[PDB]
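Examining the three-dimensional arrangement
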Amino acid sequence: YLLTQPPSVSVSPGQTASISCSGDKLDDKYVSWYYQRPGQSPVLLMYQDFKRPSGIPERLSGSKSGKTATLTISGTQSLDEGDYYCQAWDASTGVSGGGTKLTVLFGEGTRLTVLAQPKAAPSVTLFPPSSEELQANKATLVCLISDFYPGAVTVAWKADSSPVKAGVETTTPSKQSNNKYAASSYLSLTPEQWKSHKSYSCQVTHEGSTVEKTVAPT
Amino acid sequence: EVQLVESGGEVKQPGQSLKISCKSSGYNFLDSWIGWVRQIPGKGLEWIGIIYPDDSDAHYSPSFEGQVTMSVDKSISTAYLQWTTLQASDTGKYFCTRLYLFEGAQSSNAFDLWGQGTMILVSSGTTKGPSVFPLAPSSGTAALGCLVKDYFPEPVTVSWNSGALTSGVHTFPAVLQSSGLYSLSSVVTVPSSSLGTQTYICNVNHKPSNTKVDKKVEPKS
Amino acid sequence: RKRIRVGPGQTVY
């Protein structure tokens, strides 16, 4: 069977966050949870629904109820940000014999945001293709998204008015020196597509609010 | 120091064979299960399988079975994962991990130990330096930067004015393009006053292709 | 030692 988790949960520092993990056999299956900071190896947080392995703080507690397990973090600090995964097992004998076959399953993970600063709307700067790139028969629009918080945005590219999903690439937001986030999005175009539109636009959405820049051929 | 040490990250062409290892110390190797887990960059955790070092009893997840082999060498506290033929979809960072049997009047198991991961990038892409293009002063406070287009493999390092200029610089992480090559940008924030008096050059190094570039960024006359 | 206990009342090995 599969484990369903909320893709993301947001909490103010000092308050309590719950991460849910629903699944059809979870009402006769122990659930464990793992923490993982971007870049590092996962680490065991909890096993057998609610038990903490040595060194995990009381402020963390696991529970289960019906077909839904839960991880609960009280007193959430900034360091708690990161990805949380639940896991359980399956054990069934095949219809034609040969013993119990085990399965290890993981939820898709929940990213936890802890809001340690006020919302900042992004600045958007969009660069047209450079003469140099154009003389090498290429074109790449660059859209840079700066000074935002929290670190989540979605980008939409228009060609004139209509959206373009073709040739788009977008980084996950990373911290700036000033501690607000930044991202970038790229659209690959032919010199022909570039020269032939009235314009292109990169529209960034941050917390329901949009900011967009428009550019045009020289 | 109970721990798991895995082998180095590697780049492979498709079609090639492959064998990564996972080395054990600090506890009794034969007695605990070893599992394998894959993680595609930016994605969740995927179970590959588990193996019992003492007897090589093995459990595999459906979507990996018959594609990958687990094995152990008992004499050297070492577990193995191996591909006879590699695919691009085999890309990811591979974790080995120890399933621990916790005891009580209700025993059970969880993965309490984790190797550091082995980065495995499968790709047809050839090794090469990037093309670099200026991103001329825009918008105070104005932004300028460099677009570092089409290198492989990661990473590249980017400086400014040979490293004299560090304030107001943000070099982004890289995007993998459909073509299988990477590109990123580094950007500098400055006052318009300096623009047209101060000088801005990005110095790019891509060691695998031993390529080095400097590009003067300037505004339009 | 091979014991894997998957949930209440479920043992393999």
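A chain's residues are numbered here from 1, following its sequence as written, a convention that may not match the entry; residues for which no coordinates exist are omitted. Labels follow written order: the first chain is A, the first ligand is 1, and so on. Water and hydrogen atoms were dropped before computing side-chain values, which therefore reflect all heavy atoms in the structure.

In its metadata, the entry names X-ray crystallography as the structure determination method and reports 2.480 Å as the resolution.

The name that the PDB entry assigns to chain B is Human monoclonal anti-HIV-1 gp120 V3 antibody 2557 Fab heavy chain, with the source organism given as Homo sapiens. In the PDB, the entry goes by the title "Crystal structure of anti-HIV-1 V3 Fab 2557 in complex with an NOF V3 peptide".

In the annotation of the PDB entry, chain A is listed under the name Human monoclonal anti-HIV-1 gp120 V3 antibody 2557 Fab light chain and assigned to Homo sapiens.

The next thing to look at is the interface of chain A and chain C. Taken together, the contacts link seven residues of chain A with eight residues of chain C. Simply put, the buried area is the total loss of 1.4 Å probe accessible area from both parts when two parts are fitted together. Of the roughly 730 Å² buried at the junction of chain A and chain C (both faces included), carbon and sulfur atoms supply 70%. Looking at the side of chain A facing chain C, the largest losses of area belong to A:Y30, A:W89 and A:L102, adding up to 61% of the total buried there. Should a side-chain nitrogen of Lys or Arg be within 4 Å of a carboxyl oxygen of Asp or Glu, the pair is scored as a salt bridge. Taken together, chain A and chain C are joined by zero salt bridges. Secondary structure elements are defined from DSSP: runs of H or I of at least 4 residues count as helices, runs of E of at least 2 residues count as strands, and each element is numbered from the N terminus. Elements supplying a minimum of two residues to the side of chain A that touches chain C: β7 (82-93) and β8 (100-106) of chain A. Any two residues whose heavy atoms approach within 4.5 Å are treated as being in contact.

Paired rings are identified among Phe, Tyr and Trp, the last through its six-membered ring, by centres lying within 6.5 Å, and are further divided according to the angle between planes into stacked (under 30 degrees), edge-to-face (over 60) and tilted (the rest). Under the counting rule described, the total for this entry stands at 15 aromatic pairs over all chains. Between the aromatic rings of A:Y34 and B:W114, the centroid separation amounts to 5.7 Å while the plane-to-plane angle is 75°, which identifies the pairing as edge-to-face. Residue A:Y34 is found in strand β3 (residues 32-36), and its partner B:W114 is found in strand β10 (residues 108-114); the two belong to separate chains. For A:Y34, a relative accessible area of 0% corresponds to the buried category. Each ring, one from B:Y100 and one from B:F102, has its centre 4.6 Å from the other, and the planes form 75°; the classification is edge-to-face. Buried means the residue's accessible area, taken with a 1.4 Å probe over protein chains only, is under 20% of the maximum for its type, while exposed means over 50%, and partly exposed covers the values in between. B:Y100 sits in the partly exposed class, given a relative accessible area of 33%. Under the relative-accessibility criterion, B:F102 is labelled buried at 15%.

Our next topic: the interface of chain B and chain A. The figure often quoted for interface size is the accessible area lost as the parts come together. Contact with chain B, which involves 49 residues of that partner, is made by 42 residues of chain A. Across the chain B/chain A interface, buried area totals approximately 3500 Å², and carbon plus sulfur atoms make up 64% of it. The interface formed by chain B and chain A holds zero salt bridges in total. In protein, a polar contact requires one atom able to donate a hydrogen and another able to accept it; more generally it is a pair of N or O atoms within 3.5 Å, and residues adjacent in sequence count only if both atoms are side-chain atoms. Summed over the shared surface of chain B and chain A, the result is 13 residue pairs in polar contact. Element by element, the count of residues in the side of chain B that touches chain A is highest for β10(B), at six residues.

This part takes up the pairing of strand β10 (residues 123-127) of chain A. All names here are of chain A. The buried fraction of β10 is high, at four of five residues. Strand pairing follows a simple DSSP-based rule, namely that at least 2 bridges must link the two strands. The pairing of β10 with strand β11 (residues 139-148) spans five bridges and is antiparallel. Within β11, the residue paired with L126 across the bridge is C143.

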